[PDB]
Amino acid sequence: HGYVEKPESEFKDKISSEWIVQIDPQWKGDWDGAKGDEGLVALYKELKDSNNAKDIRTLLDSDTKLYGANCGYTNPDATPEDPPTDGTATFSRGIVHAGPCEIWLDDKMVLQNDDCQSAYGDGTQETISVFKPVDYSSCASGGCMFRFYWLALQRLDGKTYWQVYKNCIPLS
């Protein structure tokens, strides 16, 4: 759960920290047989390779009925805001689910990791997750759309689920 807080996510309607969808894994594999967070991540990395996938955006953007609405619950129509000046993005809390995440500035993939839980925080909810480094130089011209993608790999009584989080924030 959570949303990007810097830059500040905006909502048209209700504020929500929830995933946009929560579905069965769509890449065929032995998801249920993986040993814990490290197992889910390791399997993800293995399936990423054999599906020939360079990033999660391509997958998550390919079908909004299966992978959820563009921008999730966030509002791309919001008043654009100034990019951060410190080369970071900040989540609204600590990431406590394993899985890959990505930041794009328009068509430029500026940050990517197979397990953002370990890369950008300490796995506790208390420690704010800080996405860094982020180069916002491509935005200084005429702005950009900041897009955040996160695929959390989750378990409920032995069964693995994919949770999809999407945020969009316009920058000037």
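Throughout, we count residues from 1 along the sequence that is shown.
Asker: So, looking at the entry's B-factor column for Cα atoms, which has the higher mean, 47-55 or 110-118?
Answerer: Comparing 47-55 with 110-118, the higher mean C-alpha B-factor belongs to 47-55.
Asker: Comparing 29-37 with 56-64, which has the greater mean CA B-factor as deposited?
Answerer: Per the PDB entry, the higher value belongs to 29-37.
Asker: For residue 154, return the chain-relative third of its C-alpha B-factor as stated in the PDB record: lowest, middle or highest.
Answerer: According to the entry, residue 154 has a C-alpha B-factor in the chain's highest third.
Asker: By the record's CA B-factor, is residue 139 among the lowest, middle or highest third of residues in the chain?
Answerer: According to the entry, residue 139 has a C-alpha B-factor in the chain's highest third.
Asker: Ranked by Cα temperature factor within the chain, is residue 129 in the lowest third, the middle third or the highest third?
Answerer: Tercile = lowest for this residue's CA B-factor.
Asker: In terms of the chain's CA B-factor thirds, is residue 94 lowest, middle or highest?
Answerer: Its C-alpha B-factor, which the entry lists for residue 94, ranks in the middle third among residues of this chain.
Asker: Where does the C-alpha B-factor of residue 105 rank in its chain, lowest, middle or highest third?
Answerer: For residue 105, the deposited C-alpha B-factor lands in the lowest third.
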